[PDB]
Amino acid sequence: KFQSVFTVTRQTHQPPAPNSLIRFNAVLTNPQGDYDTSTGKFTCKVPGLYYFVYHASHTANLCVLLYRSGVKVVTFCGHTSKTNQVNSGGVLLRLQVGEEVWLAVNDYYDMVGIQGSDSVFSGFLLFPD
């Protein structure tokens, strides 16, 4: 009976804790409530094929790790000193009901963008199954 879409952002000037789940606290759109800004996790309601993608701004080293149901799927790292860059990553996943997806950082955890540079995490259902 349904669709699935979200874009959430991190609105804080403080970076995540090292080796932790990245919480996106602000919503740009999240009609089904699949992303939970309280836990930082997306949970599958409608099973099928999803795209997940993020673009995270940072002024020191940052690796982003995408987890699915407790397994690291992909990791992408950008190194910088002082100046600002965007770390991006993404993947397509066929999920079953109740599966959780989330982003984390490792020992490289910086998400402090300069003024005007934000961090965003999006996902959407492409093919119901």
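So that there is no doubt, residue numbering starts at 1 and follows the sequence shown.
- Judged by mean Cα B factor in the deposited record, 68-76 ranks above the other of 53-61 and 68-76.
- The stretch with the higher mean CA B factor, choosing between 104-112 and 117-125, is 104-112.
- The PDB entry assigns the greatest CA B-factor among 95, 91, 28, 86 to 95.
- Sort the modelled residues of the chain by CA B factor and residue 11 lands in the highest third.
- When the CA B factors of the chain's modelled residues are split into thirds, the value for residue 38 lands in the highest one.
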